[PDB]
Each structure stands twice: as structure tokens, then as C-alpha cells.
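Note sheet for the following structure.
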Amino acid sequence: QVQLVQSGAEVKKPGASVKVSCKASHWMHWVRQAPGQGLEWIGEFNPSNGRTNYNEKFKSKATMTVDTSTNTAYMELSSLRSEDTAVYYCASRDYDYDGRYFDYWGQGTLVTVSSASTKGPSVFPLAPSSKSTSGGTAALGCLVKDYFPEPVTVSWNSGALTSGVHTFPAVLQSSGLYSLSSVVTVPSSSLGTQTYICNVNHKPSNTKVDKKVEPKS
Amino acid sequence: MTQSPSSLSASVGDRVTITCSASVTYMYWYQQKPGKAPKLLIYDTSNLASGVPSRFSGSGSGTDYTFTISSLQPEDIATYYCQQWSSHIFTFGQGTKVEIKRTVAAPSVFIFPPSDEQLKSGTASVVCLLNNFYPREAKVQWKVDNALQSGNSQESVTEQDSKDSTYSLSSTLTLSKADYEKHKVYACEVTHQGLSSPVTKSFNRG
């Protein structure tokens, strides 16, 4: 039961530095998934002693460090540019009881490189009505608007309501702020009794919004 | 390096094959389901990772490598990546999106009026939702007092859901309060293969 946990989303100015951490709750890897570029290998490190081997592209700008006594790995990227906007992952491999290899990855950290200002989300209810019912099932949700940067993460109620939830890919508004929607489909009869709340977490602005979604006629 | 195809559609139970061309020592294959982190399925070319079903396989030599799913299941909906290794040196393919082919399913079309809270803040968003359709292709048109709109509108679609092999789509139309109040009828009109005619979902007021 090994699990990798990463620090939160960051926005930095071009030419600035960012540090992503990776805690463990075989050599380990830093990988990124960037706009256009796809998956990109950054480098590897020995978790036991901190020896490093970088991808050439990254040797100048990236530095990988390990704190073996906390089991925390770090990756710092300097001289940030727009191409560095990406989800950064730490990952490792091991083998199971009978010798099969497997891997495990952190949840990823989105780093946005931008000079634009940070904007916390506007959260509005998509109210369930006769116009959002399809028989037996009603749809409801929340519209998240006017935020920057990504990501906003949406969970419902206590955060253990996940079945029937669709959280749509982020879009660009006319203003170039970001918008998304999360929509949950529920048994019609439950609207009576259950209270539905969208929890919208925007780590870049240190903002969470809890919005109740009431039915409308 | 190139990975092909870049997208493929197949029925449940179909055998499915992805290739990844070219001085490589080993090929690795990763699965990335919607939105999770990638997951290693095949390593050193041909070896299944811990807990990977027997329906997955990998093979290759020199420059040409293959990844096979011998009986495609809905849980296999994902983007798959090859990754070559030499030389202290790791590079990834471009990705192959894998979709299930199913029967045509018409969208349920829903509409959401602007919230009171938004209206009080000087803006008005209408949301149109198309739920659980296949295939992905649809036409969505916004109409205000019968006038086709462009662009105060956005749209996005889920990746294919593994539980019924369908997509969903959300579309937002956004006006000022002032503009919203000057007009009466708000409608999204939807065309899709599984619909018998265009469905208009609408509401009045403002």
C-alpha cells in the first residue's frame, strides 16, 4: 500500500521558479504532460541517496532533490516559460509478491506559467426542474465561471458522491477567463430529501466555494 | 517515433491493435483513463504488469512494436501510450484514443435557466445539456427570440463513459442582464443521429 501525494496547483510568472513536492504515503521518475507536447520524461532519481539522471532538454532548468528522512522528493523548475505549463507527475515502479512489475503515480500538479492575475471562481447552481428530468432521473449541477488559472476541482456533498457525476473539460470565456460545469444525475425522488452541494476548490486562489443547488419550477 | 492509429473505434469483444514505430531496446505501454494519471500495463515489451488482465499483450523487435487488446471491454476506454526506452532515455508516443462502438443512442436534452444569484450580479447564463448519447457527433444551436446566436457560447464534451459507452455535452450561452431582460424565448436546438427530428429545448423569460 504505497501511495504518492503531490503538492497543489501553482501559477507562476515567466522567468520565475516553481517547486513541486512528492511524498510517499527502484529509481523514481518525474514526468510531465504538457499542452501539445504530450508526455515528457524529465529525469529520474535514486530515492535512497538522491543520485540524479536528467533528460537533456531539462538539465539546465530542472533540479531534483530527495529528503530520505521524510520520504519527500522535490522537483524545481526555473526560468519558467509558457511551454512549461503542464501537469507534473512523480512516479515509481516496484514488483509484486510474485515478481510482476507495476507502477504508481502521484495525482499530478498543474503548474501554469502566466503573468495574468489569479481569479477565484463564480459558482452558480444549475437548478433541477421539469426541463432537466428524463424519466425517473433528474439532472442538476453547478456552473463555475470567471476563474484563472486551472484547475478547479469539483466534488459533491461530502465528497463521496461520485457515481453519476460528470465534470466537463474547462472552456475559455469571451473574456479569456475559464469556465466549466459539473453535472450530477440523481433519482427524481431524491430531490425531495437530499440536499446537493457542489464543492468547488480553487487552489491557486486559496478559495473553496460550497454551493447549494435548489430545485426550480 | 510515431504511434498509430491515433484513434480507433471497436465493438465489445473485438481484437484491437496499436503499433508504435521506431534504435530502441524496450517498449512500455501505458493506459490513461479519463482523468486519471497514466498506468503501466506492459513493460519490457511483452510483460504484463501486476494485476493486468490476460486480454492485453505486447510484442516487438527492432523498430516495430505492437500492443493488443484481444477482447475490448468498456473498462478499456482510454488513451494508450507507447514509451520507448534505451540508453538512460525515455520518450513517449503520441497517444491512441480507444472508444467503444455501440448502438446509436439519442441524447436526453436538458436546459437550465439562469440562476437568481447570477441575474442579480448583472449577467445571465443559460446551460444546455445533452446526456448519454452515441456517437459523439452532434449539432447544437442557440436561439434567442428565434435569432441564431454566435459567439456568446461555449461547449465541452466528456470523454466516453465506461459504464454505458456514451458521451455527454454541456453548452453555455452568456448574455448581460440588460440583454437577457430585453428578450423572451431562450432555446437550444439539437441534431443527432439517434433523434427522429431536431429537438428544441426552450424556456421563457426575461
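Please note that chains go A, B, ... in the order of the C-alpha cells, that every chain numbers its residues from 1, and that ligands are numbered from 1 in the order shown.
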
Item to complete: From region 20-121 of chain A, collect each residue whose DSSP state is strand (DSSP E) and return the set as a ChimeraX atom specification.
Response: /A:20-24,28-34,38-45,52-54,62-67,72-77,86-95,101-105,109-113

Do you have, as a tab-separated table, the list of residues of chain B lying at most 7 Å from chain A, each with its nearest atom pair and that distance in Å to one decimal, counting only C-alpha atoms and ordered by chain then number?
```
residue	atom	partner	partner_atom	distance
B:37	CA	A:107	CA	6.4
B:39	CA	A:103	CA	6.7
B:40	CA	A:103	CA	5.9
B:49	CA	A:102	CA	5.0
B:50	CA	A:100	CA	5.1
B:90	CA	A:41	CA	6.0
B:91	CA	A:41	CA	6.4
B:92	CA	A:39	CA	5.9
B:94	CA	A:38	CA	6.6
B:108	CA	A:134	CA	6.8
B:110	CA	A:132	CA	4.6
B:111	CA	A:131	CA	5.8
B:112	CA	A:126	CA	5.8
B:115	CA	A:125	CA	6.1
B:118	CA	A:124	CA	6.7
B:152	CA	A:174	CA	6.9
B:154	CA	A:171	CA	6.7
B:156	CA	A:169	CA	6.0
B:157	CA	A:168	CA	6.3
B:158	CA	A:168	CA	5.8
```

Could you write out that same residue set with N, CA and C atoms as a PDB file, in the first residue's frame?
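Result saved to out_31.pdb:
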```
ATOM      1  N   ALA B  37      -4.157   9.700 -13.747  1.00  0.00           N
ATOM      2  CA  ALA B  37      -2.755   9.576 -14.142  1.00  0.00           C
ATOM      3  C   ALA B  37      -2.567   8.301 -14.973  1.00  0.00           C
ATOM      4  N   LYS B  39      -1.061   4.619 -16.253  1.00  0.00           N
ATOM      5  CA  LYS B  39      -0.869   3.367 -15.539  1.00  0.00           C
ATOM      6  C   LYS B  39      -0.152   2.407 -16.489  1.00  0.00           C
ATOM      7  N   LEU B  40       0.952   1.827 -16.022  1.00  0.00           N
ATOM      8  CA  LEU B  40       1.754   0.881 -16.817  1.00  0.00           C
ATOM      9  C   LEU B  40       1.009  -0.436 -16.963  1.00  0.00           C
ATOM     10  N   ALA B  49       2.025  -6.023 -16.542  1.00  0.00           N
ATOM     11  CA  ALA B  49       2.238  -5.508 -15.204  1.00  0.00           C
ATOM     12  C   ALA B  49       1.316  -6.197 -14.182  1.00  0.00           C
ATOM     13  N   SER B  50       1.663  -6.069 -12.905  1.00  0.00           N
ATOM     14  CA  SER B  50       0.867  -6.656 -11.828  1.00  0.00           C
ATOM     15  C   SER B  50      -0.624  -6.344 -11.980  1.00  0.00           C
ATOM     16  N   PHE B  90      14.047   8.026 -22.243  1.00  0.00           N
ATOM     17  CA  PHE B  90      12.665   7.670 -22.169  1.00  0.00           C
ATOM     18  C   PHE B  90      11.925   8.687 -23.035  1.00  0.00           C
ATOM     19  N   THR B  91      11.211   8.220 -24.040  1.00  0.00           N
ATOM     20  CA  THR B  91      10.314   9.069 -24.840  1.00  0.00           C
ATOM     21  C   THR B  91       8.975   8.388 -25.112  1.00  0.00           C
ATOM     22  N   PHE B  92       7.917   9.191 -25.146  1.00  0.00           N
ATOM     23  CA  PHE B  92       6.542   8.702 -25.265  1.00  0.00           C
ATOM     24  C   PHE B  92       5.967   8.882 -26.669  1.00  0.00           C
ATOM     25  N   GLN B  94       2.514   9.304 -29.218  1.00  0.00           N
ATOM     26  CA  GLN B  94       1.616  10.437 -29.368  1.00  0.00           C
ATOM     27  C   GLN B  94       0.290  10.174 -28.654  1.00  0.00           C
ATOM     28  N   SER B 108     -30.763  12.535 -24.241  1.00  0.00           N
ATOM     29  CA  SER B 108     -31.686  13.353 -23.460  1.00  0.00           C
ATOM     30  C   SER B 108     -31.215  14.790 -23.392  1.00  0.00           C
ATOM     31  N   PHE B 110     -31.493  18.479 -21.839  1.00  0.00           N
ATOM     32  CA  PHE B 110     -31.949  19.296 -20.716  1.00  0.00           C
ATOM     33  C   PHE B 110     -31.575  20.768 -20.907  1.00  0.00           C
ATOM     34  N   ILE B 111     -32.365  21.667 -20.334  1.00  0.00           N
ATOM     35  CA  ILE B 111     -31.988  23.074 -20.231  1.00  0.00           C
ATOM     36  C   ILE B 111     -32.013  23.676 -18.817  1.00  0.00           C
ATOM     37  N   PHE B 112     -31.080  24.568 -18.523  1.00  0.00           N
ATOM     38  CA  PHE B 112     -31.033  25.239 -17.229  1.00  0.00           C
ATOM     39  C   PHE B 112     -31.113  26.753 -17.394  1.00  0.00           C
ATOM     40  N   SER B 115     -29.549  31.147 -12.932  1.00  0.00           N
ATOM     41  CA  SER B 115     -29.788  31.254 -11.505  1.00  0.00           C
ATOM     42  C   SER B 115     -30.125  32.674 -11.053  1.00  0.00           C
ATOM     43  N   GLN B 118     -26.965  34.730 -10.167  1.00  0.00           N
ATOM     44  CA  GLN B 118     -26.273  35.293 -11.314  1.00  0.00           C
ATOM     45  C   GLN B 118     -26.956  36.532 -11.859  1.00  0.00           C
ATOM     46  N   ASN B 152     -21.567  34.202 -28.021  1.00  0.00           N
ATOM     47  CA  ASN B 152     -21.513  34.256 -26.565  1.00  0.00           C
ATOM     48  C   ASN B 152     -21.627  32.874 -25.932  1.00  0.00           C
ATOM     49  N   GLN B 154     -20.172  28.630 -25.308  1.00  0.00           N
ATOM     50  CA  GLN B 154     -19.101  27.659 -25.118  1.00  0.00           C
ATOM     51  C   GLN B 154     -19.686  26.251 -25.082  1.00  0.00           C
ATOM     52  N   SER B 156     -18.412  21.893 -24.136  1.00  0.00           N
ATOM     53  CA  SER B 156     -17.430  20.858 -23.887  1.00  0.00           C
ATOM     54  C   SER B 156     -18.099  19.504 -23.736  1.00  0.00           C
ATOM     55  N   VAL B 157     -17.370  18.451 -24.092  1.00  0.00           N
ATOM     56  CA  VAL B 157     -17.900  17.095 -24.025  1.00  0.00           C
ATOM     57  C   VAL B 157     -17.016  16.199 -23.164  1.00  0.00           C
ATOM     58  N   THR B 158     -17.647  15.408 -22.302  1.00  0.00           N
ATOM     59  CA  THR B 158     -16.961  14.313 -21.625  1.00  0.00           C
ATOM     60  C   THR B 158     -16.313  13.364 -22.627  1.00  0.00           C
TER      61      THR B 158
END
```

List the neighbours of residue 186 (chain B) out to 7 Å using only C-alpha atoms; skip same-chain residues closer than 3 positions along the sequence, and give me the result as a PDB file with C-alpha atoms, in the first residue's frame.
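Listed below is the output, selection36.pdb:
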```pdb
ATOM      1  CA  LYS B 143     -31.591  30.721 -30.332  1.00  0.00           C
ATOM      2  CA  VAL B 144     -32.803  33.898 -28.619  1.00  0.00           C
ATOM      3  CA  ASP B 145     -36.215  35.134 -29.761  1.00  0.00           C
ATOM      4  CA  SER B 202     -36.585  26.125 -24.556  1.00  0.00           C
ATOM      5  CA  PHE B 203     -37.953  28.360 -21.796  1.00  0.00           C
ATOM      6  CA  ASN B 204     -39.427  31.854 -21.461  1.00  0.00           C
TER       7      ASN B 204
END
```

Item to complete: Return the single residue from A:9, A:49, A:121, A:62 that is closest to residue 86 (chain A), with distances computed using only C-alpha atoms.
Response: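 Of A:9, A:49, A:121, A:62, the one nearest residue 86 (chain A) is A:9, counting only C-alpha atoms.
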
Worksheet item: Which distance in Å separates CA of residue 80 (chain A) and CA of residue 28 (chain A), to one decimal?
Response: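 Going from CA of residue 80 (chain A) over to CA of residue 28 (chain A) covers 23.2 Å.
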
Worksheet entry | Who sits within 8 Å of residue 79 (chain A), only C-alpha atoms, same chain under 5 positions skipped, as JSON, numbers by chain | {"A": [14, 15, 16, 17, 61]}

Item to complete: One decimal, Å: what's the distance from CA of residue 110 (chain A) over to CA of residue 13 (chain A), could you say?
Response: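 Value for the CA of residue 110 (chain A)-CA of residue 13 (chain A) distance: 14.2 Å.
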
Item to complete: Name the residues in contact with region 192-205 of chain A at a cut-off of 9 Å, using only C-alpha atoms, excluding same-chain residues fewer than 5 positions from it; report them as a PyMOL selection string.
Response: chain A and resi 8-11+118-121+123+125+140-142+144+147-159+182+210-214

Discussion item. Could you list, as a PyMOL selection string, every residue within 9 Å of residue 84 (chain B), counting only C-alpha atoms and ignoring same-chain residues fewer than 5 positions away?
Written reply: chain B and resi 1+22+24-29+89-93

Can I get the selection written as a CSV table (one decimal), in the first residue's frame, with N, CA and C atoms?
```
chain,number,residue,atom,x,y,z
B,1,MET,N,9.8,8.6,-33.7
B,1,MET,CA,8.7,7.8,-33.1
B,1,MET,C,7.4,8.2,-33.6
B,22,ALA,N,9.6,2.5,-34.2
B,22,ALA,CA,11.0,3.1,-34.1
B,22,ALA,C,11.1,4.0,-33.0
B,24,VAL,N,15.7,1.3,-30.5
B,24,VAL,CA,15.1,1.1,-29.2
B,24,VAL,C,15.4,-0.3,-28.6
B,25,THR,N,15.4,-0.3,-27.3
B,25,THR,CA,15.7,-1.5,-26.5
B,25,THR,C,14.4,-2.2,-26.0
B,26,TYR,N,13.5,-1.5,-25.4
B,26,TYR,CA,12.2,-2.0,-24.9
B,26,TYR,C,11.1,-1.0,-25.2
B,27,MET,N,9.9,-1.5,-25.4
B,27,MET,CA,8.7,-0.7,-25.4
B,27,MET,C,7.8,-0.9,-24.2
B,28,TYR,N,7.3,0.1,-23.6
B,28,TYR,CA,6.4,0.1,-22.5
B,28,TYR,C,5.1,0.6,-23.0
B,29,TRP,N,4.0,0.2,-22.4
B,29,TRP,CA,2.6,0.6,-22.8
B,29,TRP,C,1.9,1.1,-21.6
B,89,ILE,N,17.1,6.8,-21.2
B,89,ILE,CA,16.4,7.7,-22.1
B,89,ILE,C,15.0,7.2,-22.6
B,90,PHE,N,14.0,8.0,-22.2
B,90,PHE,CA,12.7,7.7,-22.2
B,90,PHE,C,11.9,8.7,-23.0
B,91,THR,N,11.2,8.2,-24.0
B,91,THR,CA,10.3,9.1,-24.8
B,91,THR,C,9.0,8.4,-25.1
B,92,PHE,N,7.9,9.2,-25.1
B,92,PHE,CA,6.5,8.7,-25.3
B,92,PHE,C,6.0,8.9,-26.7
B,93,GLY,N,5.1,7.9,-27.1
B,93,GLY,CA,4.4,8.1,-28.3
B,93,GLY,C,3.3,9.2,-28.2
```

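Between CA of residue 120 (chain B) and CA of residue 205 (chain B) lies a distance of 15.0 Å.
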
Worksheet entry | Residues within 8 Å of region 191-198 of chain B, only C-alpha atoms, excluding chain neighbours under 3 positions, as a list in words | residues 104, 105, 106, 107, 134, 135, 137, 138, 139 and 140 of chain B

DSSP on the backbone, helix (DSSP H, G or I) only: what residues of region 42-113 of chain A does that give? Format it as a tab-separated table (two decimals) with N, CA and C atoms, in the first residue's frame.
```
chain	number	residue	atom	x	y	z
A	56	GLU	N	18.26	15.50	-21.11
A	56	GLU	CA	18.98	16.61	-21.72
A	56	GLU	C	18.23	17.93	-21.81
A	57	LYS	N	17.05	17.91	-22.42
A	57	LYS	CA	16.21	19.10	-22.51
A	57	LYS	C	16.01	19.85	-21.20
A	58	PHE	N	16.21	19.16	-20.08
A	58	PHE	CA	15.75	19.62	-18.78
A	58	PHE	C	16.91	19.86	-17.81
A	82	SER	N	6.12	29.77	-21.09
A	82	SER	CA	4.76	29.33	-21.39
A	82	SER	C	4.64	27.84	-21.74
A	83	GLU	N	5.64	27.31	-22.43
A	83	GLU	CA	5.70	25.88	-22.71
A	83	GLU	C	5.79	24.98	-21.47
A	84	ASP	N	6.16	25.55	-20.33
A	84	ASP	CA	6.27	24.79	-19.08
A	84	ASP	C	4.93	24.57	-18.37
```

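Ranking B:121, B:59, B:73, B:96 by their shortest atom-to-atom distance to residue 13 (chain B), with only C-alpha atoms included, puts B:73 first.
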